[PDB]
């Protein structure tokens, strides 16, 4: 058919924009197209992804690129037997490992904690994504491993579960401030929620990095222009996507790209974190 299908949970956020751009790019390079699909309807986030991916498979896309933290591992196996030419981004796929392209989130969380701790912060707080998102769980695991090495118990750290969205981050920041739990450093599971945190703090006169140091995750390109410029853990999303899509193109169209799966995660130091 000359088309590869692509599922993303939403078109918003520079993170998903990056995935869309790179997929379109690699396909254009081989003179082929991309059909995009996102969650629609009144079903649950999970079922919305199942229906969307099945909709792509039904169109007979030569290959399907999939990213979703709402799908359960068992769903990945089902979708894969329905269409063996698939690649999964940001999550593992044990039945067929190289069909999975995922950065080192454990290391990512570790760096977030180290940034804060190295700046003298001992009382920290966290606003995360859904507890059922594996990319989030490993992100937090790494964060708390680093905290443990410094004598800080996971159980003593205020943690608000959220959904990675702008409104979710805003509500989570409010819930945190309302709890009265003390904290001088805040870790947000993604830049989107971090920006909303900066929004609330500004509304209440809570200075950043003055009174609170905030660090995000992803290093989406909305961060450099946050107020103040958002310090964020840099995830190699463009590179992993480029390689995930190239791997798929090899299987589908006979290209011979060399595939790389290891990229470093670093911290983009800006102005939201201070001593």
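Numbering follows the first chain given and starts at 1.
Here the stretch with the larger average CA B-factor, out of 186 to 194 and 172 to 180, is 172 to 180. As the entry records it, the average C-alpha temperature factor is higher for 78 to 86, out of 78 to 86 and 107 to 115. The maximum CA B-factor among the listed residues 53, 206, 34, 248, taken from the PDB record, is found at 206.
Note on the listed residues 148, 127, 133, 199: the highest Cα temperature factor in the record is that of 133. In the PDB entry, residue 216 places in the lowest third of its chain by CA B-factor. In this PDB entry, residue 240 carries a Cα temperature factor that places it within the middle third of its chain's modelled residues. Residue 265: CA B factor lies in the highest third for its chain, per the PDB record.
Among all modelled residues in this chain, the alpha-carbon of residue 223 has a temperature factor (C-alpha) in the highest third.
Per the PDB record, residue ranking by Cα B-factor puts residue 164 in the middle third of the chain.
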